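One structure is given below, encoded as structure tokens.
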Amino acid sequence: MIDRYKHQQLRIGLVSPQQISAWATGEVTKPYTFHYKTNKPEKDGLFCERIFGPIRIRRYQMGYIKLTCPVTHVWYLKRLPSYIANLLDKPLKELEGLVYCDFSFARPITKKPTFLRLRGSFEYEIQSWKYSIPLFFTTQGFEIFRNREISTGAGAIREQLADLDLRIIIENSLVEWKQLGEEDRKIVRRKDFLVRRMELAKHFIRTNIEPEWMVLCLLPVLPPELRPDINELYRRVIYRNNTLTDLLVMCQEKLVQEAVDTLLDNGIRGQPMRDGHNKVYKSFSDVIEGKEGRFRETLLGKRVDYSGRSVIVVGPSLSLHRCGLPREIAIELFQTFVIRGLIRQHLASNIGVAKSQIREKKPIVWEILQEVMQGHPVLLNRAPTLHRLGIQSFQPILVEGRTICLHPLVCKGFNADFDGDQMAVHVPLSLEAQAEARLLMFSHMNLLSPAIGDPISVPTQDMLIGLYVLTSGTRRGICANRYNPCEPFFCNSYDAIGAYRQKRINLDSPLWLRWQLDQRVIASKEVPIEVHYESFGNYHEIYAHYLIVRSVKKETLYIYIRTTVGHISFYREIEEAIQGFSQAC
Amino acid sequence: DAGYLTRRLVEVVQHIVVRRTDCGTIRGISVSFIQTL
Amino acid sequence: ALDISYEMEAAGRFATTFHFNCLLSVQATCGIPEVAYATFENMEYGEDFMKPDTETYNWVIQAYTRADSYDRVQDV
DNA sequence: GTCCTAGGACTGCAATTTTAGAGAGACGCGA
DNA sequence: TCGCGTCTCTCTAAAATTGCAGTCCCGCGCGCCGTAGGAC
RNA sequence: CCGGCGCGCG
Ligand SMILES: [Mg+2]
């Protein structure tokens, strides 16, 4: 056997600004959402028709926001451990101060020559750098070479990431790790940082990801039909970015960065920024994560069509493979099949006429519904599905009322009782689903529980009491006779049950039954109480529950079983069930 | 608590499916009760 | 070749190490080690006549060492 | 009246917050 | 004329708390209340 | 056809 190979994959990856532009190409420039008067999409706004599409494509077409200054991605700076800090090999405090405070970084780039002895992150502004150097070097040329020795904000971070030599990083980390090893709490943590840094730098070499994509130059904009809260955060980015380009000052640069962080991930900077109602905003991370997020609520579980619900009532006359469906639920679930049945036999001119006929509850609609429900299974399901037997397949039949009729023997698997429980019904539409439901999910091939293998559809409660009373034998000993004793004989079980029907004997009155089969009565392994041996050869062996007549002359052997009508009835019920099933096939 | 426990229990082994007739292993756990065997 | 092998197995003649090696000779140059590894997994946990030989191991190793991206030293 | 209008509970874990261990440059006293 | 514990920091190895991050059954039904603020 | 609050059923 050669396996039917299927090679399908999906891969996430950090995106590039060029790919963001390719997504948009289409830039959102104005923070206006909708017209206050005409209720029309404002041009170049968050809902622009030119950018996103005419008012299907509005669910998929993306836009972008051209940020004047680069802003770091909050996931890769503020989340612990910081990826940017590890790759740049600097403490998180100094990086956060460079991004959030008025700090300037000395020597941000290396692949271009410099002429200054400025190293580290000088918190205070350099007094000479304020006037002396710019006034001697004028303005145009100074600004031309400005962003090569001193810079600040996320731009410095992006410059540091862009010119990083990953192979040099790996080699330096390895040599430092060896030095540390050749020499005890953070003597190990520094090693663990070193191991984490080379593994982080190694992954960038083999992939197409660039470490500078960790700082955003463009901001993709969600399609409008997916945001008919998120819109408010998008306006702020445009609100503070468009202010920044008007200036072209450091404070507004930080405001744009905070707007993006709040849009991307709130509740990560300690105090999460709230709205005017003192309520925390919801970011993309919030809507994709959590139990109520996209992954665990929209993708792992879905609401479906062709489904119904009603209260469960017991039907003891149902078969093990059948269920009762309310007429309204059935006509709703099988509506398309009823329409096809109406049109097929020329009783409906078109689909609209058939739907109108169904809406009027015509008496011929129910004939077609009954016809099309034959052979089409349904799936029942109780609410707390704890194992796979919590959903099973049955053959629906039309029952009067508004309740779902359920077999009593399948309640244990559903963990259902008839005190207010409800169930959902589903209709398999395609032929493959119908075959799956018929051949895998019906109750008659699911008699055993998968946990350990015990039967699941075993009689319980009322049936158990009935069987116990039926098979509870005779009163014996002092409970049968007032005094120390110092019963009818039936040819066959039918005679005994007939006598019981005519009230000649009780359910637990003792009787002797002629046995014409082998000895197959479960009884204690005991010798006869009494053997009555006759001088003619015949002897009678009297046991606790049967009498056996034997002879030395012949090979005859007669057996009489002392029992009640209840034991006979149980045995006949099982025997007749087997014989009837055999004959019917 | 059981609902949280069940979700973590199913999650850790959700990918386990009978995919081969015989892996070809020779190792065998040694046993020296009836319902287990 | 894959279509003919599928048809041959449908006709009642199961694939052996020879046919699997023939198939692997082309998968090893596709640049995706997972195809060759899927074929190798099919061979390794199958019947006696499908078991890998030196040529099969060579094909899978060549597929892994000449991969387009990611590291494969652990796999090799 | 209003029309635009801008504070559990448990676990995990890196991050301080020391505690400590050694330790040395300049030294006031001293041999 | 230097030599001696040593004054005054001094810089980092090694635990010791400590402040977040993460999570904490499933499936149904019904009702109410939002959408605010200010110079006219 | 959007979310919060309250009350319930299994
Ligand atoms: Mg109940």
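Per chain, numbering begins at 1; letters A, B, ... match sequence-line order.
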Whole-Å distance between [N] [atom2] and [X] [atom1]?
| X | N | atom1 | atom2 | answer |
| --- | --- | --- | --- | --- |
| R8(B) | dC26(E) | CZ | P | 13 Å |
| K78(A) | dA21(E) | NZ | P | 8 Å |
| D1(B) | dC26(E) | CG | P | 12 Å |
| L226(A) | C1(F) | CG | P | 18 Å |
| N381(A) | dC28(E) | CG | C1' | 12 Å |
| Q271(A) | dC20(E) | CD | P | 11 Å |

Quiz item: Can the positive tip of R197(A) be found less than 6.0 Å from the middle of the six-membered ring of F193(A), inside 45° of the ring normal?
Solution: no
What does [X] touch in the nucleic acid at a heavy-atom separation under 4.0 angstrom: a base, only the sugar-phosphate, or nothing?
| X | result |
| --- | --- |
| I268(A) | sugar-phosphate |
| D184(A) | sugar-phosphate |
| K279(A) | nothing |
| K93(A) | sugar-phosphate |
| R303(A) | sugar-phosphate |

According to the Watson-Crick and G-U wobble definitions, with both distances under 3.5 Å, which nucleotide is paired to [N]?
| N | answer |
| --- | --- |
| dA6(D) | none |
| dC25(E) | none |
| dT6(E) | none |
| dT35(E) | none |

Exercise. Would you give the length of the straight line joining atom CD1 of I391(A) to atom CZ of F414(A), rounded to the nearest 0.5 angstrom?
Key: 7.5 Å
Quiz item: Considering heavy-atom distances to DNA chain D, does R185(A) or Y36(A) have its closest nucleotide positioned more toward the 5' end?
Solution: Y36(A)
Practice problem: Please figure out whether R189(A) or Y239(A) has its closest DNA chain D nucleotide nearer the 5' end. | Solution: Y239(A)
Compare side-chain N and O positions of [X] against OP1 and OP2 of [N] and report whether any pair is under 4.0 Å apart.
| X | N | result |
| --- | --- | --- |
| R382(A) | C9(F) | no |
| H277(A) | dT35(E) | yes |
| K186(A) | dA13(E) | yes |
| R296(A) | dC24(E) | yes |
| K291(A) | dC25(E) | yes |
| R79(A) | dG22(E) | yes |
| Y4(B) | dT23(E) | no |

[M] and [N], which share atom name [atom1], separated by this distance in whole Å:
| N | M | atom1 | answer |
| --- | --- | --- | --- |
| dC3(D) | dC33(E) | P | 24 Å |
| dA6(D) | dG38(E) | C1' | 10 Å |
| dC4(D) | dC26(E) | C1' | 47 Å |
| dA26(D) | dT10(E) | P | 13 Å |
| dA21(E) | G10(F) | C1' | 35 Å |
| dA31(D) | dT6(E) | P | 13 Å |
| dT35(E) | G3(F) | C1' | 12 Å |
| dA20(D) | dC25(E) | P | 46 Å |

Quiz item: Between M423(A) and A416(A), what is the shortest heavy-atom contact and its length?
Solution: CE-CB, 4.5 Å
Quiz item: Closest heavy-atom contact between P428(A) and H426(A)?
Solution: CD-O, 3.7 Å
Quiz item: Which of these, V221(A), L233(A), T33(A), sits in a side chain to side chain contact (heavy atoms under 4.5 Å, CB included) with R227(A)?
Solution: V221(A)
Quiz item: Knowing that exactly one of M198(A), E171(A), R190(A) qualifies, which makes a side chain to side chain contact (heavy atoms under 4.5 Å, CB included) with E176(A)?
Solution: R190(A)
Quiz item: Stacking between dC32(E) and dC33(E), judged by six-membered ring centres under 5.5 Å and planes under 30°?
Solution: yes
Self-check item: Verify stacking: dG22(E) then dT23(E), 5.5 Å distance, 30° angle limits
Solution: yes
Quiz prompt | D265(A) bridged to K78(A) by N-O distance under 4.0 Å | solution = no
Quiz item: Between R382(A) and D421(A), does at least one N-O distance fall below 4.0 Å, as a salt bridge requires?
Solution: yes
Quiz item: Can you tell me if the sugar in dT8(E) is north or south, using the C1'-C2'-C3'-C4' torsion?
Solution: south
Quiz item: Going by the sign of the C1'-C2'-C3'-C4' torsion, is the sugar of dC4(D) north or south?
Solution: south
